[PDB]
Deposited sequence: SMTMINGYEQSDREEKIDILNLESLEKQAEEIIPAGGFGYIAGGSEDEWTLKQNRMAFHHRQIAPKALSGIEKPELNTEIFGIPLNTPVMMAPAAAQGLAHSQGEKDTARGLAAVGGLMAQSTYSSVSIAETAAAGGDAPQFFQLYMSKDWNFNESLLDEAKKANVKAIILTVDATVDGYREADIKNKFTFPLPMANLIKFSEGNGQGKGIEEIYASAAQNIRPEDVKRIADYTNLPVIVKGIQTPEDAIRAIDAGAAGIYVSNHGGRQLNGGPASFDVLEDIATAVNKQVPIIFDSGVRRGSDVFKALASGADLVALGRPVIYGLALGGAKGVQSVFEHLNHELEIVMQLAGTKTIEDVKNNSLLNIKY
């Protein structure tokens, strides 16, 4: 399939996954060079991108002897919504760069593993189509605010009509990071932005760079849904968001694509969780690839753990069944760790105390 001379994947098949990191070298044979650069890249020298991986080495999981547990269970809840896994899809623009079906194959994959999907404002496919593809699989919607509230109120209405269970407000992207891969490729989006086209019938730069605490109160009061602030990297900011009416905190550095020279996401998670003190659920992302990565995030104060790039690569390699493969593989790796660590349930993982030796 082509769209303005860009080759999109049409694959639909389970994929043999060695691990999630190795999906990147595999996806690069099939995703056009400019789109691939767009997905894999981070900002400046990609130091924060690299540290997002390294930082998991900063804590260690104790093997547990004589636990008396078998057959660990991945099931959990958020805002009373049941999930089969604590692993979820992070909001990710322009999945049409990977596959002709784009976000619809993502939604089907997530529905297949009973996991949570976050839709992006900057989707290749509209809110209604993506929610329709997912059936009754729970979805969140991620809003990029306009200076224009007529636009904000229209997308929130479309989201409410689609039965989304929460709004993610993304606040760490008021401007694009300096992304060298997009500059080298002279990359321009070859396909359209469904939700923007639709507003237009009744990029980062109408968006709003100026975002205040009153804007969280306002979205909460309009939607009457739980609102989650995404991009938090400090305790003070988690407190400030809860004070303004947030129902959750999404600890993220946008996969190292924004403020390069900021810390690895993992390294600020426990501090934020200590400040939040279980007042609201916490979602965590940026650098998650192995079962041990997920275990450590849950043990450090996360309730849910989101991936971005590994899923987009799986979407290119296998469409809906590709996405499914990604979540099944990470679930497998996480089950192994939970057994060896003596954590029966996801609540046991959160109560687990990590070692802090310096390597």
Walk along the deposited sequence from position 1 and note every stretch that has no C-alpha coordinates. 1-2, 205-213
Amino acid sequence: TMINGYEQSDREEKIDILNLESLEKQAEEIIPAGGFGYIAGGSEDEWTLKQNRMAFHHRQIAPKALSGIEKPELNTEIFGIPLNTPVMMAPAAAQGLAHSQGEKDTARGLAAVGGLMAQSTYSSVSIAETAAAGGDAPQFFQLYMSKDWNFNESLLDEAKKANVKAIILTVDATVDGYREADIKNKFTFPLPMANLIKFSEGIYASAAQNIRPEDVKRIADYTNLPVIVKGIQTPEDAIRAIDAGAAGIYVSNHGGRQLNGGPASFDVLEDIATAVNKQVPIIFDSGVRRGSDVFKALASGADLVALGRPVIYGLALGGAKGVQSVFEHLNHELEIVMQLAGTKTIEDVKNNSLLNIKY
From here on, numbers count along this sequence of modelled residues.
Given 234-242 and 181-189, the range whose Cα B-factors average higher in the PDB entry: 181-189
Which is higher on mean Cα B factor in this entry, 191-199 or 171-179? 191-199
Based on what the PDB entry reports, which of 108, 254, 289, 160 has the top C-alpha B-factor? 160
Among modelled residues of the same chain, the CA temperature factor third for residue 70: highest
Assigned third (lowest, middle, highest) for the C-alpha B factor of residue 31: highest
The third of the chain into which the C-alpha temperature factor of residue 204 falls is the middle
Name the third of the chain's ranked CA B-factors that contains residue 102, choosing lowest, middle or highest. middle
Where does residue 133 sit by CA temperature factor within its chain: lowest, middle or highest third? lowest
